[PDB]
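Analysis of the macromolecular model
The residues making up each chain are set out below.
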Amino acid sequence: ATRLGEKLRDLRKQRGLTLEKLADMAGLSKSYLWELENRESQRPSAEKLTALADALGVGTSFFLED
């Protein structure tokens with residue numbers, strides 16, 4: 001797995017959101033969000049990082065720091 005993906009999946013599951021729901025919320029495909037959770041990936045774009053962080057109640061810095 002990966003650090004950004006660990007963080008993203010952990011917070012999503014703690015917020016009670018399915019993969020499909022969080023992807024829909026952030027305007028992402030389900031496969032793209034799965035890739036962020038489970039594969040080495042380019043950092044999400046600033047708008048998508050903002051959407052993901054806001055959906056999960058954390059700062060974008062959560063994903064940008066180690």
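Residues numbered from 1 in each chain as written, not as in the entry; some residues may be left out. Heavy atoms only, no water. Residues with missing side-chain atoms left out of burial classes, pairs and counts.

This entry lists X-ray crystallography as its structure determination method and reports a resolution of 1.02 Å.

Points about the side chain of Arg-12
Stated formally: Secondary structure elements follow DSSP: runs of H or I no shorter than four residues count as helices, runs of E no shorter than two count as strands, and numbering proceeds from the N terminus. Any pair of nitrogen or oxygen atoms within 3.5 Å is treated as a polar contact; in protein, a donor-acceptor pairing is required on top of that, and neighbouring residues in sequence qualify only through side-chain atoms on both sides. We call two residues contacting when some pair of their heavy atoms lies within 4.5 Å.
Residue position: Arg-12 is located in helix α1 (residues 3-14). Reaching out from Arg-12, the side chain makes a polar contact with the backbone oxygen of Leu-17 at a distance of 2.9 Å. Residue contacts for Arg-12: discarding those within four places in its chain leaves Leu-17, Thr-18, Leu-19, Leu-22, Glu-37 and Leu-56.

Looking at the packing of helix α2 (residues 19-26) against helix α3 (residues 30-38)
Keep this limit in mind: Only the stretch in contact is used when a helix axis is fitted, and all axes are lines through C-alpha atoms; the angle between N-to-C directions ranges over 0 to 180 degrees. Here is the rule for angles: anything less than 35 degrees is roughly parallel, anything more than 145 is roughly antiparallel, 65 through 115 is roughly perpendicular, and the remaining ranges are oblique.
It is at 9 Å that the axes of α2 and α3 come closest, and there the two elements cross at 110°. As far as their axial angle goes, α3 and α2 are roughly perpendicular. Here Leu-19, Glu-20, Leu-22 and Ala-23 of α2 come into contact with α3, specifically with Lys-30, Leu-33, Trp-34 and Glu-37.

With respect to the pattern of salt bridges
The cut-off we apply is this: The working definition used for a salt bridge is a side-chain nitrogen of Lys or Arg within 4 Å of a carboxyl oxygen of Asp or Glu. Note on classification: 1.4 Å probe, protein chains only; a residue is buried when its accessible area is under 20% of the maximum for its type, exposed when over 50%, partly exposed between these limits.
Per the stated rule, a full pass over the model turns up two salt bridges. The salt bridge involving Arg-3 is made with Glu-6; its shortest N-O contact spans 3.1 Å. Of this pair, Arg-3 and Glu-6 are both found in helix α1, three residues apart, which corresponds to roughly one turn of the helix. For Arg-3, a relative accessible area of 45% translates into the label partly exposed. Here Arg-12 makes a salt bridge to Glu-37, at a shortest N to O gap of 2.7 Å. On the criterion of sequence distance, the pair formed by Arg-12 in helix α1 and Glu-37 in helix α3 is long-range, its members being 25 residues apart. Residue classification places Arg-12 among the buried residues on the basis of a relative accessible area of 8%. The class for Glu-37 is buried, based on a relative accessible area of 4%.

Structural notes on the packing of α2 against helix α4 (residues 46-56)
To describe two helices that pack against each other, one gives the angle between their axes and the distance between the axes. Defined as follows: Handedness of a helix crossing follows the sense of rotation of the near helix relative to the far helix, less than a right angle counterclockwise being left-handed and clockwise being right-handed. Charged means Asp, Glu, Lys or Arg here, nonpolar means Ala, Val, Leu, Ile, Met, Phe, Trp, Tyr, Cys or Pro, and polar covers whatever is left, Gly included.
The geometry of α2 relative to α4 is characterised by a closest axis approach of 9 Å and an angle of 125° between their N-to-C directions. Here α2 is positioned oblique relative to α4, judged by the angle of their axes. Crossing of α2 against α4: the hand is right-handed. Across the interface between the two elements, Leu-22, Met-25 and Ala-26 from α2 touch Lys-48, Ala-51, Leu-52, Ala-55 and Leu-56 from α4. Along the lines of polarity and charge, the residues of the contact of α2 with α4 split into seven nonpolar, no polar and one charged.

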